[PDB]
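Okay, here we've got a single chain as structure tokens, the form solved without its partner chain, with questions on binding and movement later.
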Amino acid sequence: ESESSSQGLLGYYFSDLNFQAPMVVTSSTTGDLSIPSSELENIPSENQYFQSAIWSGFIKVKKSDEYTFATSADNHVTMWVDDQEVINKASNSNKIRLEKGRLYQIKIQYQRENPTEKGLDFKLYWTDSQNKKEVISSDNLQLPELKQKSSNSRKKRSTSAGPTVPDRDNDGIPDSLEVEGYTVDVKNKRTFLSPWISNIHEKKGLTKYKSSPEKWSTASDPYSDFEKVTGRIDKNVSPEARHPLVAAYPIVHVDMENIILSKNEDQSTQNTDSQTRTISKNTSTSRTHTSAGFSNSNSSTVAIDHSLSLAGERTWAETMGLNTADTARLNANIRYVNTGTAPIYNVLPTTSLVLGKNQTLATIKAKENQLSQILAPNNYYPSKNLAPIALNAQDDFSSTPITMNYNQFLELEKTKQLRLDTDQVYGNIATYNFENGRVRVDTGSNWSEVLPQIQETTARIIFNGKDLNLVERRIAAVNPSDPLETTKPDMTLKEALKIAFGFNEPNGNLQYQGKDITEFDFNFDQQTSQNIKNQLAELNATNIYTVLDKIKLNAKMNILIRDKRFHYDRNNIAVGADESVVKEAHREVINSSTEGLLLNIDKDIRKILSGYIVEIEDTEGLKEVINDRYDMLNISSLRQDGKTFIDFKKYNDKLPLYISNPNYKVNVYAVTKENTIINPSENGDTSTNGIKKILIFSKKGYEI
């Protein structure tokens, strides 16, 4: 019913007599082309008088016959079928032969000076050979072909015999409206596109669009400006990318969830009758950005848990029974992650699993055209309700083993890191088809044909506000040296943040989910930095935060915006926070006992804590660390209710702390990721000696 509702003829309704001032652009499913004044609340009363109209599209017939076309105002109408004039400023009985299976272009013009009624009552009729006259049915009428090229059956542009609205890029939105501003509103389920009128639309909370009249897609993506704003688009496209100035494209990385390491079989020896020795660790994977930088590459970095998971757990090699001359195997569970704004249907990108700088251990591919589901934006493949992908799947005889020699295994143990480099080959695009009003995967449309143009013509902003993960958006922005890109509207930094990331402005302060813009930092590549510095000098402005509405974005800018609470590594991953931030986040304790601490810790702060150290201090100052090992600091868990429990029993032989004198102190320290030790020291010290830690709790026994 949604698909059907958006098919039919396309109409342009003008306040002036000569097709210059479009007030409404909208389609009609039938030959009833009326718009009653009841549906015009977003149009000034003065402009609700329509002195002209043009309709365009196609007509198909179910049965070959002679037809006679009629309107409700033939004295005011000229109509064309293909190039043949069939009505002209008077009624008539002239017949026209139409064959079944063929498509005929329809153009109708209407002009009436000084109508006494607002809106337009207008119907298109035909009469067949059996003299039965009827308003043209929905099954017979189709939209114009508002694409960059013609189809086999449907011409892209209309007859020049009749008048034409200026629409240089053939998206359907008149030149003037794209430049001056327009909005869309639904009234009784129809989408009306109208000129932006500030003193009506602003307070109704309608969205002001501007777009290039020379770019069918102003963001250089595969969906037209008209398709976006009228909902004639893949429903999987992100809400923000329904704006003509926000690019719709996939962005993919691979998330590794866990890893399992084992000894490889060798020809010289035969597997014994015994349970295979494996070491199994959770992994944490983040999409990275190396700075902003220019690189548009997809990469994620995997951190392998360095903490114990099993009581009396031995070293990796002892656990695997891996000796110096042996080879190790790796398996892992993964999912693909789409952090972009458009879906993938039939080609997942190839990924390299890399040890160190450039030792490729594995190539990970999916079968083209055999995906089990769509990889939607803000989502995963497989979906999180389904099992992940194993790199070597059960009974997959064709899955290549992933092996490391002994020295590579030592390198993996030393770094506890892997990298997943993913290409940008994403396959075919689901596009809208004006002939049937459907969205389907289009064998003729491919992401590789638009990604470079998106990357060349937009400003990139990378923002970590949602959950400290790096999210990229691209916003259409002028390139002063490229005439086609200078036809685009001005884009301010403030506006880009609103439209691309959903910043809002309730009390005249720009914020994201309750956090003021000043709680995030700004970083730019070298060229972007110089550009903005120059803009600020021209504005006589010394603080970027107070003039975000005046800083203009340009194509090929790179802007990185991060939560100021955190310390970041070279990949722009959050790895710590200042001492006082950490201390403050642990200040409110709900309960303390000899079994542990229960408290409420902000979810973002928790992401940069790797461990806690528990210590008993005597009345003379000697300190005993209870969990005195670099791999025994994983004592924090998040409960069902979102509270954090720091467990004193876990590495105290499952017993509450014994406090042999109530004036003794229990001190607890937090260790941030930045400061986390992941191996014994050079001299083999496995203790917590020298670990840079932050005191977050200290109480005497009688206080607990």
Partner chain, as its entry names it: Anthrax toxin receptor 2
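Residue numbers count along the first chain shown, from 1. Between two forms, the rigid core is the largest collection of C-alphas that superpose within 1.5 Å.
Separately, the form solved in complex with its partner chain exists; it is not shown, and the next lines address it.
Colleague: Since exactly one of 187, 629, 515, 208 fits, which has a heavy atom within 4.5 Å of its partner chain in the deposited complex?
Modeller: Contact residue from the list: 629.
Colleague: Considering its partner chain in the deposited complex, which of 38, 660, 45, 640 comes within 4.5 Å of it through any heavy atom?
Modeller: It is 660.
Colleague: Go through 660-668, 26-34, 60-68, 673-681 and give me the stretch that gets within 4.5 Å of its partner chain in the deposited complex, heavy atoms only.
Modeller: Single hit among the candidates: 660-668.
Colleague: Whether residue 537 contacts its partner chain in the deposited complex should be assessed with a 4.5 Å heavy atom distance threshold; does it?
Modeller: Residue-level check for residue 537: no, no contact with its partner chain.
Colleague: Report whether the minimum heavy atom distance between residue 651 and its partner chain in the deposited complex is within 4.5 Å.
Modeller: Residue 651: contacts its partner chain in the deposited complex.
Colleague: Taking any heavy atom pair closer than or equal to 4.5 Å as contact, tell me whether residue 686 reaches its partner chain in the deposited complex.
Modeller: Residue 686: contacts its partner chain in the deposited complex.
Colleague: Residue-level question: is residue 202 within 4.5 Å of its partner chain in the deposited complex, judged on heavy atoms?
Modeller: Flag for residue 202 set to no.
Colleague: Which residues within 405-430 place at least one heavy atom within 4.5 Å of its partner chain in the deposited complex?
Modeller: If the 4.5 Å heavy-atom criterion is applied to its partner chain in the deposited complex, 405-430 yields nothing.
Colleague: Can you tell me which of these residues, 410, 425, 390, 135, is the one whose C-alpha shifts by at least 2 angstroms between this form and the one not shown after a rigid core fit?
Modeller: Going through each option, the one that shifts is 135.
Colleague: Could you tell me whether the Cα atom of residue 99 shifts by at least 2 Å between this form and the one not shown after core superposition?
Modeller: Where the cores coincide, residue 99 still shows a C-alpha shift between this form and the one not shown that is 2 Å or more.
Colleague: At a 2 Å cut-off on C-alpha positions, does residue 545 qualify as shifted between this form and the one not shown after fitting the rigid core?
Modeller: No.
Colleague: Return yes or no for residue 64: a CA shift of at least 2 Å between this form and the one not shown, with the rigid core superposed?
Modeller: Yes; residue 64 is a residue whose C-alpha shifts (by 2 Å or more) between this form and the one not shown when the cores are overlaid.
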